[PDB]
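For reference, the structure discussed in these notes is given below.
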Amino acid sequence: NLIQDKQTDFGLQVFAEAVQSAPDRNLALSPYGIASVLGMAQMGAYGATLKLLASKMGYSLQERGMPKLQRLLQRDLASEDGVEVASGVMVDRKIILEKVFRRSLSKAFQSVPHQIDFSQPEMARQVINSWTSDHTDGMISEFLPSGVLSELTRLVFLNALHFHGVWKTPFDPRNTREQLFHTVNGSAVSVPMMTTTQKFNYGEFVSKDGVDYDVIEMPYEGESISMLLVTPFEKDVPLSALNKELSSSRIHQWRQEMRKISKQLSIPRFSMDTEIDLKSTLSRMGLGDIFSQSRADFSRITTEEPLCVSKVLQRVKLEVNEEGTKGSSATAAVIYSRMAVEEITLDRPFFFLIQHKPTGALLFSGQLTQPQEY
Ligand SMILES: *[C@@H]1O[C@H](CO)[C@@H](O)[C@H](O)[C@H]1NC(C)=O
């Protein structure tokens with residue numbers, strides 16, 4: 001809907017700032033997860049800080065009927081098989097919380113703020129890691145490494161997501177082969193390339209800046225979730241040129257302009273485990289003041305003292321491999337055609353989006369720039 005698209009757009013903007021500052025690195029974020037934590041921050045914000053957040057995000061969770069929308073969204077995504085996701089706010093145990101913040105987090109997120117003794121950073125780390133692990137079924141067992149929290153840490157918003165998908169149609173691992181992937185370096189490296197032929201939802205598009213590109217869709221079993229793979233046509237045009245195609249409306253027009261068509265698709269097998277501290281990106285988006293001791297207004301969290309965000313952290317993890325619906329065939333029925341099936345091989349950096357179709361939410365937005373890394 002309208003506000004789903006606003007969340008998707010806000011999260012893709014964060015994604016687009018992240019890749020702009022690190023064009024050569026593998027990166028997976030969760031637009032849903034990012035909107036979720038900044039939605040938590042909104043519940044605590046007041047005055048100019050609320051106004052700032054609401055204007056950058058495009059909506060306000062403090063407005064009538066909005067907590068129920070956040071809550072149903074969160075409920076629908078978390079209930080997907082394969083999805084383990086956790087968001088929460090961790091606040092120093094010494095701070096006296098306002099009831100309104102408690103009531104807001106319960107109404108929109110069915111959560112409570114988690115009080116942490118940050119004056120003992122290594123204990124705080126173990127407590128936060130165990131909580132995150134318990135709430136992701138162990139899939140994110142050590143959310144934070146040492147050196148992130150300090151004794152000065154007061155308020156942390158975090159989101160953790162692991163996703164184990166099963167393709168509707170399995171890849172045959174016997175069809176997986178070492179083939180060359182071209183990095184932004186110009187260098188070529190040989191990696192396992194999974195391959196399959198099937199009728200694929202497929203479209204060709206051109207960006208605003210006249211860059212020609214394709215998008216191809218691959219469903220997980222159930223078809224509530226599917227991955228969209230997006231890449232420049234020309235092998236020597238960088239992935240960067242596409243950063244601004246990623247909007248919820250552009251995704252809407254991809255879905256109505258795409259049609260099924262036989263294709264031989266080859267894509268690297270890869271895993272990503274991306275940890276990100278979102279300060280630098282959010283500040284590039286104009287949200288720097290939420291981190292400022294002098295300018296941030298979280299009066300809804302506490303009125304007894306100044307308070308600004310210490311950290312906004314996300315960790316996202318997924319493994320993309322051959323696994324498909326058990327006992328299903330890797331291969332279509334043999335239909336003869338004088339039509340040569342076009343090959344699409346993803347042997348240069350590409351975007352991948354993983355979308356929940358009922359809500360339209362993006363569980364992931366990532367770029368693969370080097371398949372041999374996480
Ligand atoms: C590119 O630089 C050299 C080869 O040109 C290599 O050692 C390095 O790891 C490459 N980096 C990436 C990200 O492919």
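According to mature numbering (1 follows the signal peptide of the UniProt record, and there is no 0), the stretch in the sequence shown is residues 1 to 374, in order. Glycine residues also receive a C-beta, built at the ideal position from the N, C-alpha and C atoms.
Under the Cβ criterion (8 Å, minimum of three pairs), the region 298-316 does not count as touching the region 227-239.
DSSP places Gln-7 in the uninterrupted alpha helix (DSSP H) bounded by 2-21. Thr-345 and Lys-99 have their alpha carbons spaced roughly 55 Å apart. Burial is judged here by how many other beta carbons sit within 10 angstroms of a residue's own beta carbon; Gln-70 has at least 16 and is buried. Approximately 5 Å separates the beta-carbon atoms of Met-40 and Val-89; this is inside 8 Å, confirming the contact. Rounded to whole angstroms, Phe-200 and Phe-352 show a C-alpha spacing of 15 Å. Beta-bridge partners of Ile-95 (DSSP): none assigned.
Between the region 96-111 and the region 123-130 there are fewer than three C-beta pairs closer than 8 Å, too few to call the two in contact.
Restricting attention to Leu-265, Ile-128, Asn-159, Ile-261, the CA atom closest to the CA of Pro-170 is found in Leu-265. Segment contact: the region 311-329 against the region 164-183, three or more CB-CB distances shorter than 8 Å; contact assigned.
Annotation for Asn-26 indicates a beta carbon at 7 Å or more from all heavy atoms of ligand 1. For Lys-244, the secondary structure class from DSSP, reduced to helix, strand or coil, is helix. With three or more CB-CB distances shorter than 8 Å, the region 17-34 counts as touching the region 263-277. For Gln-367, the distance from the CB to the nearest heavy atom of ligand 1 is not below 7 Å. According to the DSSP assignment, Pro-219 belongs to the beta strand (DSSP E) that extends over 212-219.
Within the region 81-154, the runs of beta strand (DSSP E) that reach at least 3 residues and sit entirely inside it are, in chain order, 83-92, 114-116. Secondary structure of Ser-55 (DSSP, three-state): helix. For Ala-41, the enclosing alpha helix (DSSP H) covers residues 31-44. Assigned with DSSP and collapsed to three states, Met-66 falls in helix.
For the beta strand (DSSP E) assignment, the uninterrupted runs of no fewer than 3 residues enclosed by the region 297-324 are, from N- to C-terminal side, 311-320. Residue range 225-232 is occupied by the beta strand (DSSP E) that includes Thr-231.
Between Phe-163 and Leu-318, the beta carbon gap of about 5 Å places them in contact (Cβ cut-off 8 Å). Bounds of the alpha helix (DSSP H) holding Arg-284 are 279-284. If you draw a straight line from the Cα of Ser-187 to the Cα of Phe-205, it is about 27 Å long.
Judged by their CB atoms, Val-309 and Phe-291 are nearer to each other than the 8 Å cut-off. Between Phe-15 and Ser-365 a beta carbon distance of about 4 Å is seen, short of the 8 Å cut, so the two are scored as contacting. Distances between the C-beta of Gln-179 and the heavy atoms of ligand 1 are all 7 Å or more. Going by DSSP, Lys-263 is part of the beta strand (DSSP E) stretching over 259-268. Excluding sequence positions up to five before and after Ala-108, its CB lies within less than 7 Å of the CB of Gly-39, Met-43, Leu-61, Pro-67, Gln-70, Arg-71, all in the same chain and listed in chain order. In this structure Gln-370 does not touch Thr-176 by the C-beta definition: roughly 18 Å separates them, more than the 8 Å allowed.
Residue state for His-164 is assigned as coil, using DSSP reduced to three classes.
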